[PDB]
Each structure stands twice: as C-alpha cells, then as structure tokens.
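Everything below concerns the one structure shown next.
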Amino acid sequence: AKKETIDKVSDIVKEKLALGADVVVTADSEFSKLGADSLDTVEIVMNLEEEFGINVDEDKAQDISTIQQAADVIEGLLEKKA
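Using full-length UniProt numbering, the first residue of the sequence shown is number 57, and each one after it goes up by one.
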C-alpha cells in the first residue's frame, strides 16, 4: 500500500487515545496493542470509512491483517466500491 494511506490508517488508531507525539508509528504493527485490549473494530472501521469517505463492509473489516493489509484494502475501496 502507499505510505500516504498507511500513515492515515495508523493515524486513526492513534487518534483513539491521542498518540503520534512521542510514539513511533509502523505499518507492520498489528492494530492490536497492549492496554485493555478492547474491541474497536466498529469505531475503527467507521473512522477509516469516514475519513477516506469510502464504503467498507463489516465482512471486509472482520479479519483484516495488520495495518499494511488495511491500507491495501482501502486503496481498492478508494478506487472501487464495495
């Protein structure tokens, strides 16, 4: 996926708890992270769809690999549809 899209996807996660200040951001860094480990797929998916302005189905945002994959999937939605 493109760096621009990857940075955006990773940015969404940080916005969850206000990050990106003194924390390093990576694409290979799975969405999951230590801390509560609560589910935020519904919130996360909407953030990406809301930000990008695409139409991602829940069936597509149910078993998405790390950010790398997320960015790649979005790239298609940005060009395709659903």
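Positions of the beta carbon are idealized from the N, C-alpha and C atoms, including for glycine.
Suppose you measure from the CA of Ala77 to the CA of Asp63; what does that come to, to the nearest Å?
As a working note, residue 77 is residue 21 in the sequence shown. As a working note, residue 63 is residue 7 in the sequence shown. Straight through space, the alpha carbons of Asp63 and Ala77 are spaced by roughly 14 Å.
Is it true that the CB of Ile123 sits closer than 8 Å to the CB of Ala83?
Position 27 of the sequence shown, counting from 1, holds the residue named residue 83. Position 67 of the sequence shown, counting from 1, holds the residue named residue 123. Against a cut-off of 8 Å, the Cβ pair of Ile123 and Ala83 comes out as a contact.
May I ask which residues mark the beginning and end of the alpha helix (DSSP H) holding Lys70?
To locate residue 70, count along the sequence shown from 1; it is residue 14. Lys59 to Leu73 is the extent of the alpha helix (DSSP H) around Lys70.
Quick check: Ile130 and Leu95, are their CB atoms within less than 8 Å of each other?
The residue given as residue 130 occupies position 74 in the sequence shown. The residue given as residue 95 occupies position 39 in the sequence shown. Result no, Cβ atoms of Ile130 and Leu95 do not sit closer than 8 Å.
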